[PDB]
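Each remark here refers to the structure printed beneath this line.
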Amino acid sequence: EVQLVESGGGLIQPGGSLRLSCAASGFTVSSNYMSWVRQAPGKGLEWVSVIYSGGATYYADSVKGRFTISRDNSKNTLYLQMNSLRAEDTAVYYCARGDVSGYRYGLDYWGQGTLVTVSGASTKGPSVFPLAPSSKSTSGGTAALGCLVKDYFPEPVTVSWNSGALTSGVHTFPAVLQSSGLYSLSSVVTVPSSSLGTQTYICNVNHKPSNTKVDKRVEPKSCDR
Amino acid sequence: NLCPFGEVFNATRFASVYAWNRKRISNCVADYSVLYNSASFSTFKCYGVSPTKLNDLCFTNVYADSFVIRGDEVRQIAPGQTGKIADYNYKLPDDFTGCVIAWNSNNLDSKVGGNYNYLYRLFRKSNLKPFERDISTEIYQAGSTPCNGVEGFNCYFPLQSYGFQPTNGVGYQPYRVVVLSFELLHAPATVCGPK
Amino acid sequence: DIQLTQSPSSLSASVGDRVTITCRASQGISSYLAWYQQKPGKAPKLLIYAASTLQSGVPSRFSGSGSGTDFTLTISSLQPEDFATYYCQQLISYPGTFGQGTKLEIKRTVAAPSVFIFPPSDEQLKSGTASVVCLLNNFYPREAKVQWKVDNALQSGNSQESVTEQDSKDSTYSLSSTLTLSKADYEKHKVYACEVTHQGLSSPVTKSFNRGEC
Ligand SMILES: *[C@@H]1O[C@H](CO)[C@@H](O)[C@H](O)[C@H]1NC(C)=O
C-alpha cells in the first residue's frame with residue numbers, strides 16, 4: 001500500500017521561507033524519480049521540481065533559484081525548501097512519484113497535498129457554533145443540523161461528524177471570504193428526526209494553522225429562554 | 001592507409017545509447033578537416049583540442065563511440081552534464097579530450113507508428129562513471145520487495161524505447177552521434193593527420 | 001516549448017452518455033501523454049499513461065487514444081461518480097505541461113431543494129454577532145435564488161452564499177446562505193425569513209422564524 005503524506009504547509013509572510021516534507025511508504029524514495037506539483041486555488045496543475053535516484057534535480061523556470069528539492073534516504077522522505085516566497089506561490093503542494101520528461105508512466109501516486117498561503121495577515125482560530133435542529137424528534141421525517149465555523153485565517157479547516165462515523169447526508173460547504181478578511185464555513189447533515197433524542201451529533205473541527213481543535217455537540221434547542 | 005571513419009559515420013544501423021558502440025581506430029592517417037568542414041553534421045564540438053589543429057596532432061589510440069539519442073539530449077554529450085543520458089547511458093569525463101559530432105537522422109531512424117528499436121536506460125540507482133557501458137536488462141527494484149525477474153508494481157523494465165515517429169518535434173527526433181576520444185599514453189602514436 | 005490545448009473547458013452530459021475530451025499538442029510528442037482525474041478537495045488521480053494504457057484499478061469505461069499531436073480521453077458510459085476536472089499532461093520534456101482542464105458535470109432530472117432556516121445560537125449572540133443560516137439541500141439544476149427578508153424588507157449586501165460540488169451519488173447541489181448582523185441590529189427585528197426560488201418549486205418556498213421564538 002503506497003502512502004505519501006505532505007506536511008509543513010501553512011501561512012508564511014511574503015519574502016519568507018518554508019520547508020515541506022513528504023513522508024513516503026510502499027516504495028523507496030531514493031530509488032525513484034520524485035516530483036513536486038502545485039495548484040493555485042481554483043487553478044490548474046503546475047510541475048515544480050524533480051529529483052532523480054542518481055541525484056540530478058530539475059526545476060520549473062518560475063521557482064528556479066528559490067526552491068530546492070532534496071530527500072533523506074533513512075527517513076524515506078522528500079523535501080522542498082522554498083525561499084523568497086511571493087503571493088503567486090500560494091498553492092496546494094503535492095509530492096508525487098514519477099518524472100515528467102521522457103517518462104511515459106506519468107505521476108502514479110500523489111500525496112493529499114499541503115496548502116501554502118503567502119500572506120502578511122495574522123493567523124486566527126475559528127469560533128464554532130451549533131446550527132440546532134428545528135424539527136422536533138416526534139415530527140416523523142428528516143431533520144437538518146450542523147455547525148457554523150466562523151472567522152478563521154488562513155484556510156483550511158477540516159470538519160468531520162462523530163469522529164468520522166457519520167458521513168452519509170453530510171455537506172461541508174466551501175469557505176467564503178468575509179469583508180473582514182476572515183473565512184467562514186458551514187457543515188450540515190440531514191438525519192431522521194426520530195434519531196434526535198437517541199443519537200448524539202458532534203462536529204469535529206480542526207484548524208491546524210492555529211492548532212485549534214473543537215468538538216461541538218449539536219443539541220435541539222431548549223424551551224428555556 | 002586512411003582511417004575507417006566511413007564505416008563509423010556511414011553505418012546503416014547505429015547502436016542504442018545504453019549499449020553504445022565503441023570502434024578502436026589505429027595505425028592510419030586521418031583527415032579530420034574533411035569532417036570538421038562537412039555540411040552533413042549539425043554539431044561538431046571539440047574539448048581539450050582545437051578542431052582546426054587536429055590534422056597536426058598524434059595519438060596512441062582514437063576511439064569512435066556511436067549511438068542514437070533525441071536532438072534535445074545531444075547537449076548532454078559533453079563534460080560536466082547531467083540528465084538521463086549523461087547520468088544513466090553515456091558519460092563523458094570532466095577532462096575529456098575529443099570531439100562530439102551529431103546529425104539529424106529522422107529520415108533513417110523514425111517510422112510511421114513509431115520506431116521502438118532505439119532504447120535508453122530510464123532506471124538506474126546511481127550515475128555511470130565516465131565511459132561506462134551498462135547493458136543490464138535486470139528488473140529494476142523500486143521498493144523493498146524483490147522483483148524475481150517479474151515486471152510489475154515497483155518492478156520496472158529498466159530500458160525504454162524512444163518511439164521515434166516522423167511527426168515528432170525536432171528536439172524529440174533521432175540524432176546519430178559519434179564521439180571521437182583521443183588518448184596519448186607512454187607508447188608510440190599510431191594515429192596521425194596528413195603531414 | 002510545447003503548448004497543450006485541452007477542450008472543451010467544461011462539459012455537461014447525462015448518465016450513460018459517451019463523453020470525449022481532446023488534448024492537442026503544438027508539436028508531435030509520440031505517446032508521451034497522461035490523463036488525470038481530479039475530484040473536489042482530492043489530489044489528481046492517474047487514469048491513463050503512455051496515451052492509452054489504463055492505470056491499475058481504473059474502470060473499463062475510461063480509454064485513451066492518439067499519438068503525435070491529437071489525443072482523446074473517452075468515457076463510454078458516464079457514471080455519477082465521474083464528476084471531476086480531467087487534465088491531460090505532456091510527458092516528453094520539462095516542465096511536463098498540464099492542459100487547462102475540463103470540468104465535467106452530470107445532467108440529471110430536476111430536483112427541488114429542501115429548505116431549512118437556522119437562527120443564531122445563544123453562544124454566538126453572547127459575542128455580539130448574529131448569523132442566520134438558510135440551507136437548500138439536494139437540488140438540481142445549480143441555479144437557485146435565496147432572498148433574505150427581515151420584517152419583510154428584502155436584504156441585500158449582508159449575506160454570503162456557498163454551493164457544494166455536485167454529489168458523487170445523486171448529482172445534486174446544496175447551498176448555504178448566511179445573513180450576518182450585529183446583535184444590536186438583530187434585536188431590532190422580529191421576522192427572519194429566506195425565500196427560495198428554484199426550477200423544481202412551482203412557487204417560492206419560504207422558511208421563517210420569529211426572534212425569541214414567537
Ligand atoms: C559517407 O558517405 C558519403 C557518400 O559516399 C561520403 O562522401 C562521405 O565521405 C562518407 N563519410 C565518411 C566519414 O567517410
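Values below: all heavy atoms of this structure, side chains included; hydrogens, waters and symmetry mates excluded. Proteins come first, then strands; the chains are lettered A, B, ... in the order of their sequence lines, and each starts at number 1.
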Evaluate A/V157 against A/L185 for side chain to side chain contact (heavy atoms under 4.5 Å, CB included), listing each step before the verdict.
CA-CA 9 Å; A/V157 299; A/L185 160 160; 3.7 Å; yes
Could you walk me through whether A/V191 and A/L145 pass the side chain to side chain contact (heavy atoms under 4.5 Å, CB included) test, one step at a time?
CA-CA 8 Å; A/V191 299; A/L145 62 102; 3.9 Å; yes
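Residue A/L131 holds its CG atom at 5.5 Å from CG of A/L148, rounded to the nearest 0.5 Å. The CG atom of A/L4 lies 4.5 Å from the SG atom of A/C95; values are rounded to the nearest 0.5 Å. Within the model, atoms CD1 of C/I21 and CG of C/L104 stand 5.5 Å from one another, a figure rounded to the nearest 0.5 Å. Atom CZ of A/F153 sits about 8.5 Å away from atom CG of A/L182, to the nearest 0.5 Å.
For C/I92, the part lying near chain A is the backbone, with the side chain staying farther off; criterion is any non-hydrogen pair under 4.5 Å. For A/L107, the parts lying under 4.5 angstrom from a heavy atom of chain C are both the backbone and the side chain. Using a 4.5 Å cut-off between heavy atoms, A/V128 touches chain C through its backbone atoms (N, CA, C, O) alone. Looking at A/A132, the atoms closer than 4.5 Å to chain C (heavy atoms on both sides) all sit in the backbone: N, CA, C or O. Heavy atoms closer than 4.5 Å to chain C are found in the side chain of A/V50, but not in its backbone.
Your options are C/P95, C/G96, C/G99, and the one with the most heavy-atom pairs under 4.5 Å with chain A is C/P95. When each of C/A50, C/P44, C/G101 is checked for heavy-atom pairs under 4.5 Å with chain A, C/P44 comes out on top. Of the listed residues (A/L45, A/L177, A/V37), the one with the most heavy-atom contacts under 4.5 Å to chain C is A/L45.
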Once you leave out hydrogens and angles, what donor-acceptor pairs under 3.5 Å do chain C and chain A share?
{"residue": "C/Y32", "atom": "OH", "partner": "A/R104", "partner atom": "NH2", "Å": "3.2"}
{"residue": "C/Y36", "atom": "OH", "partner": "A/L107", "partner atom": "N", "Å": "3.0"}
{"residue": "C/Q38", "atom": "OE1", "partner": "A/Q39", "partner atom": "NE2", "Å": "3.1"}
{"residue": "C/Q38", "atom": "NE2", "partner": "A/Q39", "partner atom": "OE1", "Å": "2.9"}
{"residue": "C/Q38", "atom": "NE2", "partner": "A/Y94", "partner atom": "OH", "Å": "3.4"}
{"residue": "C/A50", "atom": "N", "partner": "A/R104", "partner atom": "O", "Å": "3.1"}
{"residue": "C/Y87", "atom": "OH", "partner": "A/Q39", "partner atom": "NE2", "Å": "3.4"}
{"residue": "C/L91", "atom": "O", "partner": "A/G102", "partner atom": "N", "Å": "2.9"}
{"residue": "C/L91", "atom": "O", "partner": "A/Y103", "partner atom": "N", "Å": "3.3"}
{"residue": "C/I92", "atom": "O", "partner": "A/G102", "partner atom": "N", "Å": "3.2"}
{"residue": "C/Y94", "atom": "OH", "partner": "A/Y52", "partner atom": "OH", "Å": "2.7"}
{"residue": "C/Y94", "atom": "OH", "partner": "A/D99", "partner atom": "OD1", "Å": "2.6"}
{"residue": "C/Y94", "atom": "OH", "partner": "A/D99", "partner atom": "OD2", "Å": "3.4"}
{"residue": "C/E123", "atom": "OE1", "partner": "A/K216", "partner atom": "NZ", "Å": "2.8"}
{"residue": "C/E123", "atom": "OE2", "partner": "A/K216", "partner atom": "NZ", "Å": "3.4"}
{"residue": "C/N138", "atom": "OD1", "partner": "A/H171", "partner atom": "NE2", "Å": "2.9"}
{"residue": "C/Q160", "atom": "NE2", "partner": "A/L177", "partner atom": "O", "Å": "2.9"}
{"residue": "C/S162", "atom": "OG", "partner": "A/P174", "partner atom": "O", "Å": "2.5"}
{"residue": "C/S174", "atom": "OG", "partner": "A/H171", "partner atom": "NE2", "Å": "3.3"}
{"residue": "C/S176", "atom": "OG", "partner": "A/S186", "partner atom": "OG", "Å": "2.9"}
{"residue": "C/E213", "atom": "OE1", "partner": "A/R225", "partner atom": "NH1", "Å": "2.9"}

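C/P113 pairs with exactly one of C/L175, C/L201, C/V146, C/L135 by the side chain to side chain contact (heavy atoms under 4.5 Å, CB included) rule, that one being C/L201.
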Run the side-chain donor-acceptor check on residues 193-200 of chain C: report pairs under 3.5 Å with partners two or more places apart or on a different chain.
{"residue": "C/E195", "atom": "OE2", "partner": "C/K149", "partner atom": "NZ", "Å": "3.0"}
{"residue": "C/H198", "atom": "ND1", "partner": "C/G200", "partner atom": "N", "Å": "2.9"}
{"residue": "C/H198", "atom": "NE2", "partner": "C/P141", "partner atom": "O", "Å": "2.9"}

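For the residue pair C/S60 and C/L54, the shortest heavy atom distance occurs at CA-CD1, 4.5 Å. For the residue pair C/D185 and C/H189, the shortest heavy atom distance occurs at O-CD2, 3.4 Å.
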